[PDB]
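For reference, my_file_25.txt is printed below; it contains compact mmCIF, C-alpha atoms.
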# COMPACT_ATOMS: atom_id res chain seq x y z
CA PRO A 5 -89.32 -44.66 -195.28
CA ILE A 6 -86.14 -45.53 -197.17
CA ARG A 7 -83.56 -47.56 -195.18
CA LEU A 8 -79.77 -47.46 -195.86
CA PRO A 9 -77.84 -50.38 -194.29
CA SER A 10 -74.43 -49.46 -192.85
CA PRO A 11 -71.52 -51.83 -193.55
CA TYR A 12 -69.89 -50.89 -190.21
CA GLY A 13 -72.38 -52.52 -187.77
CA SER A 14 -70.10 -55.53 -187.10
CA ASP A 15 -66.62 -53.93 -186.57
CA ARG A 16 -66.05 -54.66 -182.84
CA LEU A 17 -64.18 -51.41 -182.12
CA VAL A 18 -66.71 -49.32 -184.08
CA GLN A 19 -69.51 -50.97 -181.99
CA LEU A 20 -67.67 -50.13 -178.75
CA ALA A 21 -67.08 -46.52 -179.89
CA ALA A 22 -70.82 -46.15 -180.78
CA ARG A 23 -71.82 -47.30 -177.24
CA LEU A 24 -69.23 -44.94 -175.59
CA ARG A 25 -69.79 -41.62 -177.40
CA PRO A 26 -69.33 -38.94 -176.24
CA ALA A 27 -66.87 -40.71 -173.79
CA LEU A 28 -63.18 -40.70 -175.15
CA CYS A 29 -64.16 -38.49 -178.10
CA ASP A 30 -61.14 -36.31 -179.17
CA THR A 31 -62.98 -34.43 -182.04
CA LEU A 32 -65.80 -31.80 -181.90
CA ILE A 33 -67.42 -30.95 -185.29
CA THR A 34 -69.46 -27.79 -185.30
CA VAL A 35 -72.42 -27.32 -187.73
CA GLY A 36 -73.84 -23.78 -187.49
CA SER A 37 -74.86 -23.63 -183.89
CA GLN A 38 -74.95 -27.45 -183.15
CA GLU A 39 -72.08 -29.59 -181.66
CA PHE A 40 -71.13 -33.25 -182.58
CA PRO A 41 -68.50 -35.18 -180.54
CA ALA A 42 -66.61 -37.99 -182.42
CA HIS A 43 -63.54 -40.32 -182.29
CA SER A 44 -60.91 -39.14 -184.87
CA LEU A 45 -59.83 -42.81 -185.32
CA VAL A 46 -63.35 -43.96 -186.31
CA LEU A 47 -63.60 -41.05 -188.84
CA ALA A 48 -60.16 -41.90 -190.36
CA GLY A 49 -61.43 -45.45 -190.97
CA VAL A 50 -64.11 -44.17 -193.41
CA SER A 51 -62.53 -41.01 -194.91
CA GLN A 52 -58.95 -39.67 -194.76
CA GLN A 53 -60.39 -36.07 -195.01
CA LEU A 54 -62.40 -36.50 -191.75
CA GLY A 55 -59.60 -38.18 -189.66
CA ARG A 56 -58.47 -35.08 -187.68
CA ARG A 57 -58.56 -34.29 -183.93
CA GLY A 58 -59.76 -31.15 -182.07
CA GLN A 59 -62.60 -28.70 -182.84
CA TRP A 60 -63.58 -27.61 -186.33
CA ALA A 61 -66.51 -26.02 -188.23
CA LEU A 62 -68.33 -27.60 -191.26
CA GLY A 63 -69.67 -24.88 -193.50
CA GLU A 64 -70.71 -26.09 -196.96
CA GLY A 65 -74.48 -25.75 -196.92
CA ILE A 66 -74.65 -29.05 -194.92
CA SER A 67 -77.50 -29.01 -192.31
CA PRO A 68 -77.16 -30.36 -188.77
CA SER A 69 -79.97 -32.82 -189.59
CA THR A 70 -78.04 -34.20 -192.56
CA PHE A 71 -74.71 -34.36 -190.68
CA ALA A 72 -76.34 -36.29 -187.77
CA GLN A 73 -77.51 -38.96 -190.27
CA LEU A 74 -74.02 -39.24 -191.92
CA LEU A 75 -72.40 -39.60 -188.45
CA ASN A 76 -74.83 -42.34 -187.32
CA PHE A 77 -74.09 -44.26 -190.60
CA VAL A 78 -70.31 -44.02 -189.88
CA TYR A 79 -70.90 -45.47 -186.34
CA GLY A 80 -72.75 -48.54 -187.76
CA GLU A 81 -76.41 -47.54 -187.53
CA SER A 82 -78.74 -47.99 -190.46
CA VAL A 83 -80.32 -44.69 -191.52
CA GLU A 84 -84.02 -44.16 -192.28
CA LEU A 85 -84.92 -41.19 -194.49
CA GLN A 86 -87.88 -39.24 -195.96
CA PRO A 87 -87.80 -38.85 -199.88
CA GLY A 88 -86.42 -35.33 -200.02
CA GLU A 89 -83.62 -36.20 -197.53
CA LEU A 90 -81.68 -38.54 -199.89
CA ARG A 91 -80.11 -35.91 -202.25
CA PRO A 92 -78.72 -33.61 -199.45
CA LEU A 93 -77.18 -36.77 -197.73
CA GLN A 94 -75.59 -37.90 -201.00
CA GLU A 95 -74.12 -34.41 -201.54
CA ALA A 96 -72.74 -34.33 -197.92
CA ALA A 97 -71.16 -37.79 -198.35
CA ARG A 98 -69.52 -36.70 -201.70
CA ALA A 99 -68.06 -33.50 -200.18
CA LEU A 100 -66.69 -35.27 -197.05
CA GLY A 101 -65.35 -38.35 -198.94
CA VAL A 102 -67.58 -41.05 -197.36
CA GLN A 103 -67.73 -43.25 -200.46
CA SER A 104 -69.82 -46.11 -198.95
CA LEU A 105 -72.66 -43.66 -198.07
CA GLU A 106 -72.50 -41.80 -201.41
CA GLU A 107 -73.11 -45.09 -203.29
CA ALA A 108 -75.87 -46.35 -200.91
CA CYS A 109 -77.73 -43.03 -201.55
CA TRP A 110 -77.40 -43.24 -205.34
CA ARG A 111 -78.65 -46.88 -205.19
CA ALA A 112 -81.83 -45.97 -203.21
CA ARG A 113 -82.63 -43.12 -205.68
CA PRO B 5 -37.35 -67.49 -178.90
CA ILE B 6 -40.91 -67.93 -177.64
CA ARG B 7 -43.64 -66.40 -179.87
CA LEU B 8 -47.04 -65.19 -178.56
CA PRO B 9 -49.68 -64.72 -181.30
CA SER B 10 -51.96 -61.69 -180.85
CA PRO B 11 -55.69 -62.16 -181.51
CA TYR B 12 -55.99 -58.51 -182.66
CA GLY B 13 -54.02 -58.69 -185.95
CA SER B 14 -57.20 -58.77 -188.11
CA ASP B 15 -59.41 -56.02 -186.56
CA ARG B 16 -59.45 -53.43 -189.40
CA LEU B 17 -59.50 -50.38 -187.10
CA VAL B 18 -56.78 -51.83 -184.83
CA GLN B 19 -54.63 -52.40 -187.99
CA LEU B 20 -55.18 -48.79 -189.11
CA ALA B 21 -54.35 -47.47 -185.60
CA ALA B 22 -51.11 -49.56 -185.54
CA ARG B 23 -49.99 -48.02 -188.90
CA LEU B 24 -50.87 -44.44 -187.71
CA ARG B 25 -49.31 -44.27 -184.22
CA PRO B 26 -48.28 -41.82 -182.93
CA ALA B 27 -50.69 -39.88 -185.29
CA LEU B 28 -54.20 -39.24 -183.63
CA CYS B 29 -52.99 -40.67 -180.30
CA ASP B 30 -54.89 -38.97 -177.38
CA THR B 31 -53.06 -40.88 -174.53
CA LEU B 32 -49.41 -40.65 -173.30
CA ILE B 33 -48.34 -43.38 -170.80
CA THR B 34 -45.17 -42.63 -168.92
CA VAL B 35 -42.88 -45.46 -167.62
CA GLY B 36 -40.04 -44.06 -165.50
CA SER B 37 -38.32 -41.79 -167.95
CA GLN B 38 -39.77 -43.30 -171.24
CA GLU B 39 -42.91 -42.08 -173.17
CA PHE B 40 -45.54 -44.25 -175.04
CA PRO B 41 -48.25 -42.61 -177.21
CA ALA B 42 -51.53 -44.63 -177.64
CA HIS B 43 -55.22 -44.40 -178.77
CA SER B 44 -57.53 -44.50 -175.68
CA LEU B 45 -60.18 -46.28 -177.84
CA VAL B 46 -57.83 -49.16 -178.78
CA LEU B 47 -56.87 -49.59 -175.05
CA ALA B 48 -60.56 -49.63 -173.96
CA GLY B 49 -61.13 -52.49 -176.42
CA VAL B 50 -58.76 -54.78 -174.46
CA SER B 51 -59.06 -53.52 -170.84
CA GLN B 52 -61.56 -51.13 -169.22
CA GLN B 53 -58.77 -50.06 -166.73
CA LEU B 54 -56.52 -48.79 -169.59
CA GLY B 55 -59.26 -46.92 -171.59
CA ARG B 56 -58.47 -43.35 -170.38
CA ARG B 57 -57.25 -40.24 -172.27
CA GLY B 58 -54.43 -37.77 -171.44
CA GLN B 59 -51.04 -38.30 -169.75
CA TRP B 60 -50.43 -40.70 -166.89
CA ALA B 61 -47.58 -42.55 -165.11
CA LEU B 62 -47.32 -46.38 -164.66
CA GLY B 63 -45.42 -47.18 -161.50
CA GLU B 64 -45.78 -50.79 -160.36
CA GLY B 65 -42.33 -52.24 -160.93
CA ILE B 66 -43.21 -52.59 -164.67
CA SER B 67 -40.16 -51.92 -166.94
CA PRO B 68 -40.30 -49.90 -170.16
CA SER B 69 -39.10 -53.02 -172.01
CA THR B 70 -42.02 -55.06 -170.68
CA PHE B 71 -44.61 -52.31 -171.32
CA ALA B 72 -43.42 -51.91 -174.96
CA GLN B 73 -44.10 -55.66 -175.52
CA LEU B 74 -47.62 -55.46 -173.93
CA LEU B 75 -48.46 -52.41 -176.11
CA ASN B 76 -47.31 -54.10 -179.35
CA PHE B 77 -49.49 -57.17 -178.45
CA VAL B 78 -52.53 -54.86 -177.95
CA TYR B 79 -51.91 -53.29 -181.44
CA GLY B 80 -51.95 -56.75 -183.15
CA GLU B 81 -48.26 -57.68 -183.33
CA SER B 82 -47.04 -61.07 -182.24
CA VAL B 83 -44.43 -60.81 -179.48
CA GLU B 84 -41.12 -62.71 -179.38
CA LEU B 85 -39.50 -63.16 -175.96
CA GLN B 86 -36.37 -64.51 -174.20
CA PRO B 87 -37.09 -67.13 -171.35
CA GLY B 88 -36.77 -64.78 -168.40
CA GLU B 89 -39.08 -62.19 -170.07
CA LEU B 90 -42.30 -64.28 -169.83
CA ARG B 91 -43.01 -63.93 -166.04
CA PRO B 92 -42.62 -60.07 -165.90
CA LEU B 93 -44.99 -59.80 -169.00
CA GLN B 94 -47.57 -62.08 -167.36
CA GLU B 95 -47.43 -59.99 -164.15
CA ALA B 96 -47.84 -56.70 -166.17
CA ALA B 97 -50.83 -58.14 -168.08
CA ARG B 98 -52.48 -59.28 -164.75
CA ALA B 99 -52.03 -55.85 -163.11
CA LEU B 100 -53.35 -53.90 -166.15
CA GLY B 101 -56.27 -56.31 -166.88
CA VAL B 102 -55.18 -57.55 -170.34
CA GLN B 103 -56.67 -61.03 -169.96
CA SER B 104 -55.78 -62.34 -173.47
CA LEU B 105 -52.05 -61.67 -172.85
CA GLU B 106 -52.06 -63.06 -169.29
CA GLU B 107 -53.38 -66.42 -170.59
CA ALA B 108 -51.03 -66.57 -173.64
CA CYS B 109 -48.07 -66.11 -171.19
CA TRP B 110 -49.25 -68.84 -168.81
CA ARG B 111 -49.73 -71.18 -171.82
CA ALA B 112 -46.14 -70.67 -173.11
CA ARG B 113 -44.70 -71.32 -169.60
Please re-express this file's structure in structure tokens.
Amino acid sequence: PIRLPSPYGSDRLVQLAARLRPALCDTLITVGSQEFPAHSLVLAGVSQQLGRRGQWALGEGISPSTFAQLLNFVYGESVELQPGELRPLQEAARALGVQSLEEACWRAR
Amino acid sequence: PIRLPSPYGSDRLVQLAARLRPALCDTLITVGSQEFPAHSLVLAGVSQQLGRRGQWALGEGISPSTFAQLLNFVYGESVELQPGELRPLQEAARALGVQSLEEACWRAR
């Protein structure tokens, strides 16, 4: 597999938030049928577009499998991917403004 | 005046939260008549006791003036105090479990 290192694994509050979730989560992002709790503050720290509270639906041909990988990256976990998973992740990171992930994907390609 | 340096002034997410507030705040702490918005996640990072979402009232003979100083410290601002303000701040930090502030107060005394 391909491994993408996350530059967020050593922010002390991001670490704490990763251990807590779903506790204290104020955001619920909905992807087709699947539900993802998150901390609006953590999201704001990586992308102004994503820093919003409450429930909302993501609709742009982004799969739950791809969104789960983007969300782990944001919470400081390295991501490990199969070959055909890189391009959909890059496209999701572009559309949602997560610049650090977009560039990691384009590097591994 | 006496100055207490805060050890939180360089956590990148705490800095961002300090610039945002009251935006994205999920907690409202009520002190007599006065209202203080906060991020439950930031509070959890300094004291397990304070890491809770929603509205709640603080009642323990803690003044709004003293609570405002404790909250600024938690968000990374140094605090500047008059002589008779140190002991009430120390007592508030003891009761709410903010250990870093309790010890800074006892040092300046």
Exercise answer, chain B residues close to chain A, 12 Å and all atoms listed in the file, as an MDAnalysis selection string: chainID B and resid 12 14:31 42:50 52 54:58
Which residues come within 8 Å of residue 84 of chain A, counting all atoms listed in the file, excluding same-chain residues fewer than 5 positions away, as number ranges by chain? A: 5-8
Interatomic distance (Å, one decimal) between atom CA of residue 104 of chain A and atom CA of residue 35 of chain A: 22.0 Å
Distance in Å - atom CA of residue 88 of chain B versus atom CA of residue 108 of chain B: 15.3 Å
If we draw a sphere of 12 Å around (-46.7, -70.6, -173.2), which residues have at least one atom in it when counting only C-alpha atoms? Please report them as an mmCIF file with C-alpha atoms, in the coordinates of the input.
data_model
loop_
_atom_site.group_PDB
_atom_site.id
_atom_site.type_symbol
_atom_site.label_atom_id
_atom_site.label_comp_id
_atom_site.auth_asym_id
_atom_site.auth_seq_id
_atom_site.Cartn_x
_atom_site.Cartn_y
_atom_site.Cartn_z
ATOM 1 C CA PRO B 5 -37.350 -67.490 -178.900
ATOM 2 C CA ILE B 6 -40.910 -67.930 -177.640
ATOM 3 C CA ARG B 7 -43.640 -66.400 -179.870
ATOM 4 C CA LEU B 8 -47.040 -65.190 -178.560
ATOM 5 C CA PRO B 9 -49.680 -64.720 -181.300
ATOM 6 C CA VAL B 83 -44.430 -60.810 -179.480
ATOM 7 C CA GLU B 84 -41.120 -62.710 -179.380
ATOM 8 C CA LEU B 85 -39.500 -63.160 -175.960
ATOM 9 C CA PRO B 87 -37.090 -67.130 -171.350
ATOM 10 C CA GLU B 89 -39.080 -62.190 -170.070
ATOM 11 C CA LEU B 90 -42.300 -64.280 -169.830
ATOM 12 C CA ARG B 91 -43.010 -63.930 -166.040
ATOM 13 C CA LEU B 93 -44.990 -59.800 -169.000
ATOM 14 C CA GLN B 94 -47.570 -62.080 -167.360
ATOM 15 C CA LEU B 105 -52.050 -61.670 -172.850
ATOM 16 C CA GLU B 106 -52.060 -63.060 -169.290
ATOM 17 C CA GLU B 107 -53.380 -66.420 -170.590
ATOM 18 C CA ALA B 108 -51.030 -66.570 -173.640
ATOM 19 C CA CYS B 109 -48.070 -66.110 -171.190
ATOM 20 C CA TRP B 110 -49.250 -68.840 -168.810
ATOM 21 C CA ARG B 111 -49.730 -71.180 -171.820
ATOM 22 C CA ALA B 112 -46.140 -70.670 -173.110
ATOM 23 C CA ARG B 113 -44.700 -71.320 -169.600
#
Return the single residue from B:80, B:64, B:32, B:40 that is closest to residue 98 of chain B, with distances computed using all atoms listed in the file.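 Residue with the minimum atom-to-atom distance to residue 98 of chain B: B:64.
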Mind giving me the straight-line distance from atom CA of residue 13 of chain B to atom CA of residue 10 of chain A in Å, one decimal?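 Distance between the two atoms: 23.4 Å.
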